[PDB]
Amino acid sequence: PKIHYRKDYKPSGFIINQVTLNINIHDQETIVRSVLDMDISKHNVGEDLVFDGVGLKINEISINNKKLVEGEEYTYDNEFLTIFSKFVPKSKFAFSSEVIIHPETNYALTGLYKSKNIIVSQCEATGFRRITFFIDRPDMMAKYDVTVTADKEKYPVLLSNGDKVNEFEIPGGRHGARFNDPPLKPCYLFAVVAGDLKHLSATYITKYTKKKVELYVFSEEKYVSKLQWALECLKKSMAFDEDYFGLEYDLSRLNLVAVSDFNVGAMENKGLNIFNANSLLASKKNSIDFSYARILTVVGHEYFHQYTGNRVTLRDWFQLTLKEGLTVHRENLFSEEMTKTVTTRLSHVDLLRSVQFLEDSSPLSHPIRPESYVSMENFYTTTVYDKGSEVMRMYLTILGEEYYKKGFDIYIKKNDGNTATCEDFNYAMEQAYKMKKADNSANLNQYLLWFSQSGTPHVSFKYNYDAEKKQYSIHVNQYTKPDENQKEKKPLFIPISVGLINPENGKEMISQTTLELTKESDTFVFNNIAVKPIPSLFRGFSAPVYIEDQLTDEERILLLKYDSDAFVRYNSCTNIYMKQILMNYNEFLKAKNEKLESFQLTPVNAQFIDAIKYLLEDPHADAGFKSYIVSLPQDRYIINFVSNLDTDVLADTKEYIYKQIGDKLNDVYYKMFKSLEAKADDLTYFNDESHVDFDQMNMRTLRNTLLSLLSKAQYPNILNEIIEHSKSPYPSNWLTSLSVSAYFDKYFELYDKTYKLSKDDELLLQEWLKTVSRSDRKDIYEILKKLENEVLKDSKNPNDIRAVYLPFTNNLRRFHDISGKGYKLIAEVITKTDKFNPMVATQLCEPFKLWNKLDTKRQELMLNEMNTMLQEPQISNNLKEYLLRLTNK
C-alpha cells in the first residue's frame, strides 16, 4: 500500500483551470463527460500526466480533441490514468473524457451513488476520482461548469454547486440543468443531487451587506414535515457567524439536502450541504430529544465550514484538523450560545475523555496532524476532530475573547480564497498573542507541539499554604507517556484556568486567572490569600489533559456544592466516583483471584451521597447537571485508569456503587421523578417545530435517568410509572419506557407497542433499534437474532446496521461475555459489511479499540477475532490497514 508522508508535499506539475462536466443519469448507468482546461505549472519537469480515476469505464479520452490510443499513449489500471509525457502538451491544453459509472450499485456511498430514489455524491476526501478523472487533491483549485441530465419523472429536482443558469427539456422524457460556479474550489467540494425532492425555504438578509440569501432544505416527499427545525438552525447559524465573528454568507443560495444512506453526519459541499437524514430531519412526534441538539450541531458545523474549509481551504490532507478542529470549535461556541445550558460543554468533555482519550492511549494513537496516511477514509478520527477542537479552543482561552476574535479575523482576511496550513493559523494567533502581551518578542512556537505530539498529557498538583504569610502556591507538573510516535515527549504550552474558592463562604478569592504552564513543572504563587483555599482547576476543561487534582474527597465535595464552574463541579464528582470505583474494583478483583469465601467492600462516602441529595433537592439547580451527578463515569473513561480490566469485575463494581447510592436516595429520586413531570412533559408547544426548549429536554433527561435508576432498583410499584410513561407523546419517554422495562415481565409487551409506534418512520425505527440493542436483557443475543431476522435483514443502510449493533457493544456484561461470543458476532458483522462498505465496516470495529486494555483472556479472544478478520481474502484496504495498526502488526 502507498504511504503518503506529510514532509513530501510538493505542488503539482499541472494546473486545472476549468472543469466542464456533463453528467447523464440513465437507468442502468451514468455517463460522465468532462473537459479539463489545463496548463503546465512552474514545477513541471516533463513528467507523465497522471490522473486519479477509480473504477471508471473508459469510453474515450482525448487531448485537444484528438482521441488517445490505449497502450501506445496511455495506460489505465482502474486507479491511475497515465498519459505518457511525449503526448502531453507543453502549453495550455484541453483534456477530455467520457466514462461510465454505476451509482445504483455503489453501496460504499463514496463518489456518485444512489440512496433510495435519490442520486447523490460524496467526494471528500478522494471520492471525486470515482466520478471522473482528476488530479484529486485539494490544492488543485478550478472553476466548475456542470450540466446534469436525467429522467424528469424520476428526478425532477437537479442540483449542483453555483448558480442554476439553464433548465431545458430533452427528448424521451428527460431534462437537464446547468450550474455555473465561477469561484475556484477544490474538487472534494463538488456535489450533485438528483431526485423527487420536496422542500421548505426562506430568505435570509445578511447583517451588513444586506444581501438576500435563499435558503432551501430538501428531503424525500414522505418526510417533508420534518424539515422545519433544520431551517431554523440554519438561520441561527448564519446569525451567529455574523454576530460573533462578523462573517456573512457570500452566495445567493444555500441548499441543505437529507439522504437516507450516508457514511457519517454531513458534508459541507459549497452551497449544497448534504446530510445523513438523522442529522437534518426531526419532528416532535417522530424524533427523540437528542435529534434537536444533533441537527443544530450538524447544520451549524457545515455552515461554519463555508469560511473554515471552503473559503479558506487546505493545502493537503495532513492539514485536515485546520478545517475540522476549527469548525468543531466554531460549532461548539455556537451550540453553547444557542442552548444556554452548561451540559452542552460538559457533553463535549464527556465525549473527549471517554472516546478520544481511549483512542489516544490505543495502538491507533496519532497527533491531530499525523505524519503519514495510507487510507484517507481512515484519517477522519475523534483525535483530528475533537482533540483538534480542544486545541483550537485553547487559543481562545489563552487570548481571551477580544484578542481571539482579532487573531481569527487576521487568519480569515489573510487566507480567504486560498489554501492554508496549520502554521498559518498559529501565525495569526501569535500576532494576537504579541498584541495581548504587549511584546513582539512573545511567540507561540511551543504551541505547535499540540499539532505534532500524540498522547494525552497528565497534569498533577501539589499545594502549600502559609497562614502567617497569607501566601498560597500551586505546584504543577506535566507528563506525556512515550508512545510509538515520540520516544521523548516535550512539555506543552498548557493553559490552566483557575479559581481559588474560600471554603468558609464559597466565594471567589482571585480574579479570572489562566496559568500558562510552559515547562515540565512550575510553581504559581499567590499573595494576600487570607485563608487556605480549595483550588478550582482547569475551569471549563481548559486543556485536553488527564487532571490529577490531588484533592481530598471533602475538598471535592465542597467544590461540587459551591464552586462557580460547571466543569470543575462535574469533574470533582467524577473524581470522587473514580476513587470509589478503583477501590471497589480492586476489592472485587482480589476476592475473585483469591477465591474468597467472604470479604469487605469500602462503602460509598456518606458525605458524598449527602451532597448529591443536597444538589438534587435544590430547586434552583440545573436538571441537566443533576443527571450527570447521579450517573457513574462512562465505562470508556474508567478503562483509561485500569490495567488488564476485567469487565465482569467492573460490572460488579458499578452495580455495588449504584445500589449503595440508591439504597440511600431512591425515595428522593422517586419524589423528583414525579414532581418533574409537569414541566418536563409540557405539551404546550408539541405542534410547534420552531420552539425548542433545551432546559425542558434536560428535565426529561433527568426524569429518564431517574426512572432507569429506580427500575434497576425494583423500586416498589415502579412498573406502574413505566407503563404510564409508555403512553407519553414524547419518543424520548416512550422509548425510555421500553429500555427500563427490561427489568420486568412487560418488556416484550412494550417491545411490540413501541415497535408499532416506530415502524412507519425510517429514523424513528432506527431509534427503536438502538433502544432494543441497548436494553439490559439477559436474552439480548436472542433479541439481536430476532432483530436480524425480522427487521434488519440484509439492509445496506449504515444507519440500520449501526443502530442494531453499536449500542449492544456497550453492554459491559454481555458484549464481553467470556465465551467471546459477542466479539465473534461483531466481527462477523464487520466482515459482512466490509464487502460493500469498508468505511462503515471500520466504524463497526470501534469496540475492539480497547482490546489490549482488558484482562488477558478477553485480550486473547478479541485478538483472535481481529486476526480472523485480517485473514479474509477479500478484506478491504480500509479494514486491513486499520486492523494491522490496531493489532500492532
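Residue indices: 1-based, along the sequence shown.
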{"query": "Average Cα temperature factor in the PDB entry - higher stretch of 545-553, 419-427", "finding": "419-427"}
{"query": "Selected stretch [higher average CA B-factor]: 44-52 or 820-828", "finding": "44-52"}
{"query": "Highest recorded Cα temperature factor - choice among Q228, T653, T382, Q512", "finding": "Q512"}
{"query": "Deposited CA B-factor, highest of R569, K152, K796, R539", "finding": "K152"}
{"query": "B-factor third for the C-alpha atom of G271 within its chain", "finding": "middle"}
{"query": "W768 - Cα temperature factor, lowest/middle/highest third of chain", "finding": "lowest"}
{"query": "CA B-factor placement of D39, once the chain's modelled residues are sorted into thirds", "finding": "highest"}
{"query": "Cα B factor band for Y805 (lowest, middle or highest third within the chain)", "finding": "lowest"}
{"query": "Chain-wide C-alpha B factor ranking for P533, given as lowest, middle or highest third", "finding": "middle"}
